[PDB]
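*Asks:* Structure of the sequence below:
(one chain, ligands or ions: 4)
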Amino acid sequence: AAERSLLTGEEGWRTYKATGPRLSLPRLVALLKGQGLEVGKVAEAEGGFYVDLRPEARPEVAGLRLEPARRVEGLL
Ligand code: NA
Ligand code: NA
Ligand code: NA
Ligand SMILES: [Zn+2]
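*Replies:* Numbers count the residues shown, from 1 in each chain. Ligands and ions are numbered 1, 2, ... in the order given. Shown next is the protein structure:
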C-alpha cells in the first residue's frame, strides 16, 4: 500500500504542487536539494510545478509554497 506518484504511478513518491515567485524548474529543484530532499519526477503544472518527493519527507522551503497534490478535484 505504498504511496504512489500521481505523475508517473511509481511507488515511493508523494506528488506535491509547488508555487513561488519567478519559480523555474532549476530553481525549484535547487531549493529542494538545498533542504536535503531527494527529488523525483518534476513537471510543469498550471501556475507552478508538480514535484515528487519521498512520502516521509516534510518539505518546508522558504518563500516556496508546497502542498500535496490531490488525485482529483471538484468544481468547488
Ligand atoms: Na507493489
Ligand atoms: Na508553459
Ligand atoms: Na504558462
Ligand atoms: Zn496558465
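*Asks:* Quick check: bridge partners of residue 48?
*Replies:* Note on residue 48: beta-bridge partners residue 45, judged by DSSP bridges.
*Asks:* how deep is it tucked in, by neighbour count?
*Replies:* For residue 48, the neighbour count with other C-beta atoms under 10 Å is 18. In this view, the C-beta of every residue, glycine as well, is placed from N, C-alpha and C.
*Asks:* Now do the strands in the protein.
*Replies:* Counting by DSSP state E, the chain has strands at residues 14-19, 39-45, 48-53, 65-68.
*Asks:* Is it possible to get CSV of those strands that adds distance to residue 6?
*Replies:* Output for the strands of the chain, formatted as CSV (distance: least, C-beta to C-beta, whole Å):
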stretch, distance to residue 6
strand 14-19, 4
strand 39-45, 10
strand 48-53, 7
strand 65-68, 9
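*Asks:* Go through stretch 58-69 and flag the buried ones.
*Replies:* With burial defined by 16 or more other C-beta atoms under 10 Å, the residues of stretch 58-69 counted as buried are 59, 64, 66, 69.
*Asks:* what do you get for stretch 9-18?
*Replies:* 13, 14, 15, 16, 17, 18.
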